[PDB]
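All ligand and atom numbering here is 1-based and tracks the order in the structure. Residue numbers begin at 1 in each chain, while the letters A, B, ... track the order of the sequences.
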Amino acid sequence: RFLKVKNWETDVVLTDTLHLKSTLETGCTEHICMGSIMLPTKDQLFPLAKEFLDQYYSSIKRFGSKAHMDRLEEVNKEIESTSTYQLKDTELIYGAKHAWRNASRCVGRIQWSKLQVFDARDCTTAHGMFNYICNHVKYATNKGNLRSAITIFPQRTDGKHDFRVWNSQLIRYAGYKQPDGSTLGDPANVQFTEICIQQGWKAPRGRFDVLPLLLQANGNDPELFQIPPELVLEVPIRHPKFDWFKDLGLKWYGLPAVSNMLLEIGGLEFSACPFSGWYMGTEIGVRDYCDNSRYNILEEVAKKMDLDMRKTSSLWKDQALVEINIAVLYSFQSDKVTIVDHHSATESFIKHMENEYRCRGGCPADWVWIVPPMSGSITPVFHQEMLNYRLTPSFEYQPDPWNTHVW
Amino acid sequence: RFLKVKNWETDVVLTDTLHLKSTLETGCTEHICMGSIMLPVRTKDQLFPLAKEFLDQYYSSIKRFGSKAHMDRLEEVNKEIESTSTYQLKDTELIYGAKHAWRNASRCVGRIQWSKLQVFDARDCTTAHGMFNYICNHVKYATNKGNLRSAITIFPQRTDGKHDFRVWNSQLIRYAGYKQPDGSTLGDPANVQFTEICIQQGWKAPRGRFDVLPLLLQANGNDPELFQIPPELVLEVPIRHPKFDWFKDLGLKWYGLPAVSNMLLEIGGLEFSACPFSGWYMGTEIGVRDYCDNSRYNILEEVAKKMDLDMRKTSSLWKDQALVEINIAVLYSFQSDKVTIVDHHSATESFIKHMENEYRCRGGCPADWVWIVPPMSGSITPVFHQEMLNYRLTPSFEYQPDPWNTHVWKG
Ligand code: HEM
Ligand code: HEM
Ligand SMILES: CNCCN(C)c1cc(C#N)cc(CCc2cc(C)cc(N)n2)c1
Ligand SMILES: CNCCN(C)c1cc(C#N)cc(CCc2cc(C)cc(N)n2)c1
Ligand SMILES: C[C@H](O)[C@H](O)[C@H]1CNc2nc(N)[nH]c(=O)c2N1
Ligand SMILES: C[C@H](O)[C@H](O)[C@H]1CNc2nc(N)[nH]c(=O)c2N1
Ligand SMILES: [Zn+2]
């Protein structure tokens, strides 16, 4: 019932008690581990509210106080009467920070308490959503000195009035299939890119076209908006040693901003809750640049390095991979845009885990996602046992809206 | 019930039904995933169902399920259990058993090869000297002058738990580790405790950076005895780099034969506590783990120095750079000396083809993603993108506690 995790590099053993407060299910059973699978009413609501308000009043050292009891009372009355309830600003902020704190797949969580929360619960239209999002983008970007932020649109009601950002990230590049059979730009967004086209976006049909926002307010049909280009900070990618690198014509955007997730707080569902921080270098250089189903540039780079691409055992892919990742880091650093390398981020995460074990009794962590996609075992997270479990408040996956929405 | 796995690079979706045959626990529950946790005497009572389940599997595999031969064998094993409280495997069942434990080994990327395993039956062995002889023969056979052949040697099964056969070494071939009075380590830090035991038992330590350890062998619950493997039988590869001529002067070598000797083989409820097995290396085991773990040889610094990389900030990715070169060097050295080795790209591609074949022919392939994905360049290998299901099938290889922690000393 009380569980131990060991670091095999340092022998440090930590004891996890926080898991016993776990709520949602993992996908695993005693017979089958699903650790590597990517996606495994009035009655129901008050226990959820109570569990949340209990953790909130505990956090501000007011558990069992009149104000605690009075709020539980007030929320109970409001659910009984309205079928839902509204969070106080203080609860909203606490909830959103804790959803990040509880994100088991996030290596960046040492930062969890410095999150700027933008309350957009007064928003009613897609133009309003566009405005909130431009403001979030500019605040977070901060001329390259990135600051973590979340913007929270109105919560789900009857479920026919959902607010949604259809984009998977606030800032992403277009993808287009051609007669050629291949793909121009980002192949991950081909479908979304065409949804934008079929909605009326005039695509410049290039390799790095910032997609328009497709915003859905109050369950209405989503609408298109171009983010002011002056708000989209982008970085040209060069290498500190290879002068030819720049001629590949690679660039990426400074702001990583997930916009398709659902934020659950005290049983309330916030279906539009875009959040952003700053990149770990490997996200762009390993995943975005080198995944076979992404920009897939390994082959071209290896060629310019004149490596032996004859046999896999020359490790030409591995060599190119490192160089590409050195370039990403160097470019962001040169242009004074916040970025973290995988060594620095994973070391910070170990220190964070230790804080959380010490101060909270644990830290839910998903090893499959935490260990970087390159140089795994030379980062300390590789040797760290982690327990994965689901706490609330949380960020959850939700279905893509084009399958759900009724036009 | 059916379970699907998706490859996120190819969108290929596979369907697992084999998990229905899973028995042992994972350590996970609906409330906690223990997927990254490293380590998560029988009665007649529990033994006959385990025997029956095994023999049903064996007999189906030979297309003789429900045959007279099948039935007579069940009855013979049954009678043997109630009479002697255990039973003996026929040679054919032992071979099938050992091949299947490998096939079922979810942490093993090399399983495409599972059906080519040379099984050496050492169940007539009675003494530590007898074990030494069997292990020498296994090493010579598996080494095959560099043309490595997979093998397992299987000593007598557990009886009352008081007469266990054990190989105390964790691998048949491994280098000594010595902790110095100043706190530094000479040789392999992983093997310090084991090296000290060997020393206490009377091994004369050369005290260098690459001293091949003696074998410490326990037969029939007796105190273990030391033996030196003939050096002519220990194939080693000096490590050099195809382009960096200073790489050789780092003084590195490694042995060619990876041979796990501390696991327990379970077949039909029987426990084979000494079952050393061997294959050939994937380059990263040596180049990433053995050489570059901080708690192992830890050569990243000295290598990066000699490459004149910028070591002042981690964001230069100097460690990543030194890491790749070292791994190039390991593969180059092995290939140049004609010693079997596989790179992590080749090995993972073959694993995916194996895994797909297994889904089609067997209904599944249990796989531990945490172990299967290589410890460098994870996402540029196809396994990173492959969803896997981890579950436990028998026959199986299992961990067991280190014998110095449990052995009753005779004197
Ligand atoms: C401060 C800089 C941050 C860094 C360096 C960071 C790091 C990362 C990395 C490397 C991943 C894996 C992403 C992938 O492979 O797709 C990740 C996932 C995640 N992060 Fe963080 N993060 C940061 C800020 C945040 C913030 C501010 C939040 C929420 C407010 C957050 C919540 C999550 C969630 C929910 C996931 C999983 C998303 C999914 O499952 O696709 N991150 N983060
Ligand atoms: C044929 C060449 C082979 C290759 C390239 C191969 C590859 C590997 C690798 C890379 C690991 C992870 C090792 C570690 O990190 O400690 C492993 C684990 C394993 N392999 Fe294979 N293997 C091969 C043959 C075999 C054979 C012949 C058996 C038994 C018959 C076997 C059974 C296992 C077991 C039981 C584990 C888990 C070890 C543990 O949990 O510590 N392997 N193998
Ligand atoms: C799905 N994961 C692999 C591809 N990568 C690297 C990836 C894809 C998408 C999308 N859509 C989004 C991300 C961003 C994840 C993230 C979020 C935040 C707040 C910060 C950060 N550094 N990364 C990363
Ligand atoms: C414990 N895992 C990391 C250290 N490594 C790489 C490691 C430690 C020990 C031991 N003892 C043994 C091995 C060899 C595992 C193995 C076995 C076989 C049959 C083939 C193969 N390629 N590797 C590897
Ligand atoms: C199948 C496997 O779970 C999938 O490839 C995962 C592995 N680990 C990951 N880790 C991170 N951080 N991000 C990812 O997208 C993935 N993809
Ligand atoms: C804590 C974590 O499970 C541990 O470091 C694992 C990770 N993956 C591994 N994978 C392999 N092949 N071998 C290992 O020793 C490990 N170690
Ligand atoms: Zn699990």
Contacting atoms of ligand 4, where contact means under 4.0 angstrom from a heavy atom of B/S170: 11 (N)

Short N or O distance, A/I370 and ligand 5, threshold 3.5 Å exclusive: no

Parallel, tilted or perpendicular: ring planes of B/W254 versus B/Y175, cut at 30 and 60 degrees: perpendicular

Min N/O separation A/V368 to ligand 5 under 3.5 Å: yes

B/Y141 six-ring face occupied by B/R149 cation (under 6.0 Å, within 45°): yes

Where ligand 4 meets B/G279 - atom numbers and elements under 4.0 angstrom, heavy-atom basis: 19 (C)

Numbered atoms and elements of ligand 5 in range of A/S36, under 4.0 angstrom, heavy atoms: 1 (C), 2 (C), 3 (O)

Numbered atoms of ligand 5 (with element) below 4.0 Å of B/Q386, judged on heavy atoms: 1 (C)

B/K6 to B/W8, cation-pi by 6.0 Å centre distance and 45° axis angle: yes

Per-atom contacts, ligand 4 versus B/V260 - under 4.0 Å to a heavy atom: 15 (C), 17 (C)

Sub-4.0 Å atoms of ligand 4 with respect to non-hydrogen atoms of B/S278: 19 (C)

Contact (N/O only, under 3.5 Å) between B/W280 and ligand 4: yes

Angle subtended at the Zn ion (ligand 7) by A/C33 SG and B/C28 SG, rounded to 10 degrees: 100°

Any A/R287 heavy atom less than 4.0 Å from ligand 5: yes

